[PDB]
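Protein chains in written order, with our numbering: chain A, 4 to 219; chain B, 280 to 498. Note that the Cβ used here is the ideal one computed from N, Cα and C, for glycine as well. Structure first, commentary second.
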Amino acid sequence: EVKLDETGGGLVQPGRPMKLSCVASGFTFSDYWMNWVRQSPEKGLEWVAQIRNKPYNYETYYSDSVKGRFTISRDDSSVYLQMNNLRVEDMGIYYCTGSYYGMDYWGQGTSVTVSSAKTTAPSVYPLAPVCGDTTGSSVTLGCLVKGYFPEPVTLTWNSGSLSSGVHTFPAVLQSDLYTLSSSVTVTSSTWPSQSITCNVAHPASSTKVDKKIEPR
Amino acid sequence: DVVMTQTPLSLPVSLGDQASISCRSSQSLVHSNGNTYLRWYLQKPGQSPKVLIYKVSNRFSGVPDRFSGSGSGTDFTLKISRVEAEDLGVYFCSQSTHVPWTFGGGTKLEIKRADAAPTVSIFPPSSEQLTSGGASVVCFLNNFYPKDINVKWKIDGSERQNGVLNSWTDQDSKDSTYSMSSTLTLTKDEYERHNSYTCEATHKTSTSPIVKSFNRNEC
Ligand SMILES: O=C(O)c1ccccc1-c1c2ccc(=O)cc-2oc2cc(O)ccc12
Numbered sequence: 004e005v006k007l008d009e010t011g012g013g014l015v016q017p018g019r020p021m022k023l024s025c026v027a028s029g030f031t032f033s034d035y036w037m038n039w040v041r042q043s044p045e046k047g048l049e050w051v052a053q054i055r056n057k058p059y060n061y062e063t064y065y066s067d068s069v070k071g072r073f074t075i076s077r078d079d080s081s082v083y084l085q086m087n088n089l090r091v092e093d094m095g096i097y098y099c100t101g102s103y104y105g106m107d108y109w110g111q112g113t114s115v116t117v118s119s120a121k122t123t124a125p126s127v128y129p130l131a132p133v134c135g136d137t138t139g140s141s142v143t144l145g146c147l148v149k150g151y152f153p154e155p156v157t158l159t160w161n162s163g164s165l166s167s168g169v170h171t172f173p174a175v176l177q178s179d180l181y182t183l184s185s186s187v188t189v190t191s192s193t194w195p196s197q198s199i200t201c202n203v204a205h206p207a208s209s210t211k212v213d214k215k216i217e218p219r
Numbered sequence: 280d281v282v283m284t285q286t287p288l289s290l291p292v293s294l295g296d297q298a299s300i301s302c303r304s305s306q307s308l309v310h311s312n313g314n315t316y317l318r319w320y321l322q323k324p325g326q327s328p329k330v331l332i333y334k335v336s337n338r339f340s341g342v343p344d345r346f347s348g349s350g351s352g353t354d355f356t357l358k359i360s361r362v363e364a365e366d367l368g369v370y371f372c373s374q375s376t377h378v379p380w381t382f383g384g385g386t387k388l389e390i391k392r393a394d395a396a397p398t399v400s401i402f403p404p405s406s407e408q409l410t411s412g413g414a415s416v417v418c419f420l421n422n423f424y425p426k427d428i429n430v431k432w433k434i435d436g437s438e439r440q441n442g443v444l445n446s447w448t449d450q451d452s453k454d455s456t457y458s459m460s461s462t463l464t465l466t467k468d469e470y471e472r473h474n475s476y477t478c479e480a481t482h483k484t485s486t487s488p489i490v491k492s493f494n495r496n497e498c
């Protein structure tokens with residue numbers, strides 16, 4: 004019944020700071036060491052900072068990389084991390100951990116996005132099979148969602164009726180803006196005999212686009 | 280900075296199989312106090328790491344008995360006796376004997392299946408995009424196994440680095456295959472100065488590259 008629930012994440016323009024709050028809710032906060040760990044876009048788990056207790060004279064430890072910019076603190080209940088001078092390299096998921104006699108409890112995590120970019124609507128393009136040539140039994144169609152910001156787009160195929168044979172690739176940050184793509188594999192019976200439409204939403208810029216895949 | 284090296288990085292298994300993962304420390308994990316602070320974590324997708332094992336061989340409350348940890352000094356082993364679906368993820372070892380606390384790179388547990396070559400599709404820029412002064416050439420490499428694959432962009436037979444965006448799916452639930460997206464972005468000017476555009480994929484499934492190409496003039 005140990006509970007950690009961090010808060011305080013979002014976008015941050017580099018050079019600028021942010022303050023992360025974790026309220027440890029189901030133990031003797033005083034007896035535990037508190038920590039800040041982050042996970043980078045890849046396979047990179049990173050220990051950031053540590054705040055000990057009374058017995059250990061509330062010592063504080065920090066990873067090389069945040070030393071002089073972040074401050075862990077406790078409210079004997081809660082722990083805070085003041086992130087100052089935010090660079091891009093500090094972008095990742097941030098988790099709060101409660102440590103005690105070898106064991107460790109982790110919260111949910113909070114995402115911290117560091118980017119200069121502002122809200123930008125995506126450009127959606129239809130990807131039809133090759134410059135009027137060779138394709139079609141079973142044809143593969145695609146949809147390209149280029150340069151949007153921030154974080155969340157939704158892509159559907161035929162308003163979500165067509166679910167099988169579709170692949171949706173995770174968005175990747177191409178120098179300050181995201182790009183997403185999706186493929187759908189149908190049969191030559193189906194296309195272009197039928198209608199194949201890519202449906203895209205970018206709530207943050209209020210966009211809702213519907214793009215039909217037409218033989219190129 | 281104690282180095283936690285984790286082996287292997289990927290471990291294909293079948294459900295019901297036994298799996299073992301190793302971890303090595305650079306320095307001894309033995310604390311003056313006598314404790315060995317080595318932990319094992321499992322991270323299922325979309326969730327945070329949960330500890331399975333702490334202080335080498337203590338299984339946390341509520342963790343199935345199919346998980347066990349062993350080792351001493353700088354050699355540690357994690358053991359799953361009967362792999363179940365809910366066991367698939369990424370396993371990390373971590374030491375907390377020395378500051379800073381440190382972690383190993385991860386070991387992914389994934390389903391084993393027969394090798395399958397990628398189905399490659401190439402897509403010239405859409406009219407809508409050229410109209411904007413950009414030209415994105417896309418290549419999908421779908422349903423292949425194992426995951427390891429290399430993709431090369433060639434323009435008029437010369438290799439192109441710069442402007443390539445790659446994206447990968449996660450092991451498919453249905454068939455256990457991986458998919459990948461490679462997009463090369465050029466200016467419309469560039470796209471109009473060259474003719475031959477090729478996507479070449481190197482995969483264990485074949486000795487020679489898998490090539491997919493188009494000629495702009497023939498568009
Ligand atoms: O292991 C302890 O004696 C201990 C007890 C309560 C709180 C913290 C620790 C603790 C450590 C105490 C002293 C020390 O020198 C090293 C400690 O390392 C720890 C590592 C943990 O993962 C988790 C906890 C510790």
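Checklist entry - Quick one: is the Cβ of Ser33 of chain A within less than 7 Å of any heavy atom of ligand 1? => result One-based indexing of the first sequence puts residue 33 of chain A at position 30. Taking 7 Å as the cut-off, the C-beta of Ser33 of chain A does not count as close to any heavy atom of ligand 1.
Checklist entry - What's the gap between the Cα of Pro17 of chain A and the Cα of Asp454 of chain B? => result Here residue 17 of chain A corresponds to residue number 14 of the first sequence, with the count starting at 1. Here residue 454 of chain B corresponds to residue number 175 of the second sequence, with the count starting at 1. C-alpha separation (whole angstroms): 42 Å.
Checklist entry - Mind checking whether the beta-carbon of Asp79 of chain A lies closer than 7 Å to any heavy atom of ligand 1? => result For the purposes of this step, residue 79 of chain A is taken as the residue at position 76 of the first sequence. Taking 7 Å as the cut-off, one finds no heavy atom of ligand 1 near enough to the beta carbon of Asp79 of chain A.
Checklist entry - Cβ of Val416 of chain B less than 8 Å from any chain A Cβ? => result Reading the second sequence from its first residue, position 137 is the one you call residue 416 of chain B. Between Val416 of chain B and chain A, the shortest Cβ-Cβ separation is not below 8 Å.
Checklist entry - Counting contacts by CB-CB distance shorter than 8 Å, is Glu497 of chain B in contact with chain A? => result Looking up residue 497 of chain B in the second sequence gives position 218. By this cut-off, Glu497 of chain B is an interface position.
Next on the checklist: Given this structure, state the Cα-to-Cα distance separating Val309 of chain B from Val399 of chain B, to the nearest angstrom.
Outcome noted: Here residue 309 of chain B refers to the residue found at position 30 of the second sequence. Here residue 399 of chain B refers to the residue found at position 120 of the second sequence. Between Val309 of chain B and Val399 of chain B, the C-alpha separation is close to 52 Å.
Next on the checklist: Please report the straight-line C-alpha distance between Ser167 of chain A and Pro425 of chain B, rounded to a whole angstrom.
Outcome noted: Taking the first residue of the first sequence as position 1, residue 167 of chain A is located at position 164. Taking the first residue of the second sequence as position 1, residue 425 of chain B is located at position 146. Their backbone Cα atoms lie some 22 Å apart in a straight line.
Next on the checklist: Below 7 Å, is the gap between the Cβ of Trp39 of chain A and the nearest heavy atom of ligand 1?
Outcome noted: Here residue 39 of chain A refers to the residue found at position 36 of the first sequence. Within the chosen limit of 7 Å, ligand 1 does not reach the beta carbon of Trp39 of chain A with any heavy atom.
Checklist entry - Can you list, in chain order, the residues of its chain whose CB lies under 7 Å from that of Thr171 of chain A, leaving out five sequence neighbours each side? => result The sequence position of residue 171 of chain A within the first sequence is 168, counting from 1. If the five residues before and after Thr171 of chain A are omitted, its C-beta is found closer than 7 Å to the C-beta atoms of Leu158, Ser185, all from its own chain and listed in chain order.
Checklist entry - Does the beta carbon of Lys467 of chain B come closer than 8 Å to any beta carbon on chain A? => result On the second sequence, residue 467 of chain B is found 188 positions in, with the first residue counted as 1. Using a Cβ-Cβ cut-off of 8 Å, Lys467 of chain B does not count as an interface residue toward chain A, since no Cβ of chain A sits closer than that to its own.
Next on the checklist: Check whether the segment 186 to 205 of chain A and the segment 136 to 148 of chain A touch, using three or more Cβ-Cβ pairs below 8 Å as the test.
Outcome noted: The segment 136 to 148 of chain A and the segment 186 to 205 of chain A touch, with three or more beta-carbon pairs separated by less than 8 Å.
Item to check | Cβ neighbours of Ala124 of chain A in the same chain (closer than 7 Å, five flanking residues each side left out) | outcome: Translated into the one-based positions of the first sequence, residue 124 of chain A becomes position 121. Within the same chain, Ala124 of chain A has close Cβ partners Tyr151, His205, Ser208, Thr210.
Item to check | First and last residue of the uninterrupted alpha helix (DSSP H) at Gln408 of chain B | outcome: If you number the second sequence from 1, residue 408 of chain B lands on position 129. From DSSP, the alpha helix (DSSP H) with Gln408 of chain B extends over 406 to 409.
Checklist entry - In whole angstroms, what is the alpha-carbon distance linking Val169 of chain A and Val187 of chain A? => result Against the first sequence, residue 169 of chain A aligns to sequence position 166. Against the first sequence, residue 187 of chain A aligns to sequence position 184. One C-alpha to the other measures close to 4 Å.
Item to check | Test: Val15 of chain A CB closer than 8 Å to a CB of chain B | outcome: Residue numbering aside, residue 15 of chain A sits at position 12 when the first sequence is read from its first letter. It does not: the Cβ of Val15 of chain A has no partner Cβ on chain B nearer than 8 Å.
Item to check | Within 8 Å of chain A by C-beta, residues of the segment 328 to 354 of chain B in sequence order | outcome: Listed by position, the residues of the segment 328 to 354 of chain B near chain A (Cβ gap below 8 Å) are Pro328, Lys329, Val330, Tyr333, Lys334, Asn337, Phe339.
Next on the checklist: Please list the terminal residues of the continuous beta strand (DSSP E) segment that includes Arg41 of chain A.
Outcome noted: Residue 41 of chain A sits at position 38 when you count from the first residue of the first sequence. Judged by DSSP secondary structure, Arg41 of chain A falls within the beta strand (DSSP E) whose first and last residues are 36 to 42.
Next on the checklist: Taking its Cβ as the centre, do 16 or more other Cβ atoms sit within 10 Å of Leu7 of chain A, making it buried, or is it exposed?
Outcome noted: Mapped onto the first sequence, residue 7 of chain A falls at position 4. With 16 or more neighbouring CB atoms inside 10 Å of its own CB, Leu7 of chain A falls in the buried class.
Item to check | Own chain residues within Cβ distance below 7 Å of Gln306 of chain B, not counting five before or after | outcome: As a first step, residue 306 of chain B must be located in the second sequence, where it is residue number 27. Cβ neighbours of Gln306 of chain B beyond the five flanking positions: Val281, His377.
Next on the checklist: Can you confirm whether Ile401 of chain B, when its beta carbon is compared against all beta carbons of chain A, has any partner nearer than 8 Å?
Outcome noted: Along the second sequence, read from residue 1 onward, the residue named residue 401 of chain B stands at position 122. Under the Cβ criterion of 8 Å, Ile401 of chain B is counted among the residues facing chain A.
Next on the checklist: Just checking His205 of chain A against ligand 1 - is the residue's beta carbon closer than 7 Å to any of the ligand's heavy atoms?
Outcome noted: By one-based count along the first sequence, residue 205 of chain A stands at place 202. In terms of side-chain proximity, the C-beta atom of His205 of chain A is found no nearer than 7 Å to any non-hydrogen atom of ligand 1.
Next on the checklist: Taking contact to mean 3 or more Cβ pairs, one atom from each stretch, closer than 8 Å, check whether the segment 466 to 473 of chain B and the segment 398 to 417 of chain B are in contact.
Outcome noted: Touching, yes, given that three or more Cβ pairs across the two stretches are closer than 8 Å.
Checklist entry - Anyone know if the C-beta pair for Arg77 of chain A and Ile96 of chain A falls short of 8 Å? => result Position 74 of the first sequence holds residue 77 of chain A. Position 93 of the first sequence holds residue 96 of chain A. No, the pair does not count as a contact, with Cβ atoms beyond the cut-off.
Checklist entry - Hey, quick one: how far does the beta strand (DSSP E) through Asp427 of chain B stretch, first residue to last? => result Counting from 1 along the second sequence, the entry for residue 427 of chain B is found at position 148. Neither: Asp427 of chain B is in no beta strand (DSSP E) and is coded neither H nor E.
Next on the checklist: Can you tell me whether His310 of chain B sits near ligand 1, meaning its C-beta is under 7 Å from at least one heavy atom of the ligand?
Outcome noted: Taking the second sequence and counting its residues from 1, one reaches residue 310 of chain B at position 31. Within the cutoff, so yes.
Checklist entry - Quick one: is the Cβ of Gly18 of chain A within less than 7 Å of any heavy atom of ligand 1? => result Translated into positions along the first sequence, residue 18 of chain A becomes position 15. Of the heavy atoms belonging to ligand 1, none sits nearer than 7 Å to the Cβ of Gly18 of chain A.
Next on the checklist: For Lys467 of chain B, report the span of its alpha helix (DSSP H) as first-last.
Outcome noted: Indexing the second sequence from 1 puts residue 467 of chain B at position 188. That run of the alpha helix (DSSP H) goes 467 to 472.
Checklist entry - Are the CB atoms of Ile401 of chain B and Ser492 of chain B nearer to each other than 8 Å? => result Taking the second sequence and counting its residues from 1, one reaches residue 401 of chain B at position 122. Taking the second sequence and counting its residues from 1, one reaches residue 492 of chain B at position 213. Going by C-beta atoms, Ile401 of chain B is nearer than 8 Å to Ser492 of chain B.
Item to check | Short Cβ contact (8 Å threshold) for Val417 of chain B with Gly145 of chain A | outcome: Taking the second sequence and counting its residues from 1, the one referred to as residue 417 of chain B is at position 138. Taking the first sequence and counting its residues from 1, the one referred to as residue 145 of chain A is at position 142. Closer than 8 Å, so yes.
Item to check | Beta-carbon separation (whole angstroms), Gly442 of chain B vs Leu465 of chain B, contact threshold 8 Å | outcome: For the purposes of this step, residue 442 of chain B is identified with residue 163 of the second sequence, where counting begins at 1. For the purposes of this step, residue 465 of chain B is identified with residue 186 of the second sequence, where counting begins at 1. A Cβ-Cβ separation of about 6 Å places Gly442 of chain B in contact with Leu465 of chain B under the 8 Å criterion.
Item to check | Cβ neighbours of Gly313 of chain B in the same chain (closer than 6 Å, five flanking residues each side left out) | outcome: For the purposes of this step, residue 313 of chain B is taken as the residue at position 34 of the second sequence. Excluding residues within five positions, none has a Cβ falling inside 6 Å.
Checklist entry - Residues of chain B with CB under 8 Å from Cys134 of chain A, in chain order? => result Along the first sequence, read from residue 1 onward, the residue named residue 134 of chain A stands at position 131. By Cβ distance, chain B contributes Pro403, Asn474, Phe493, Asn494, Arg495, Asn496, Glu497, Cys498.
Checklist entry - According to a CB-to-CB cut-off of less than 9 Å, which residues of the segment 173 to 188 of chain A neighbour chain B? => result The segment 173 to 188 of chain A vs chain B, Cβ under 9 Å: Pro173, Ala174, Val175, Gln177, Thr182, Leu183, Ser184, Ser185, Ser186, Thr188.
Item to check | Run of the beta strand (DSSP E) containing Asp435 of chain B, from where it starts to where it stops | outcome: Indexing the second sequence from 1 puts residue 435 of chain B at position 156. Run containing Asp435 of chain B: none; DSSP gives neither H nor E here.
Next on the checklist: Using 8 Å as the threshold, is the C-beta distance between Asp107 of chain A and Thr100 of chain A below it?
Outcome noted: The residue you call residue 107 of chain A lines up with position 104 of the first sequence. The residue you call residue 100 of chain A lines up with position 97 of the first sequence. At the C-beta level, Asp107 of chain A and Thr100 of chain A come within 8 Å of one another.
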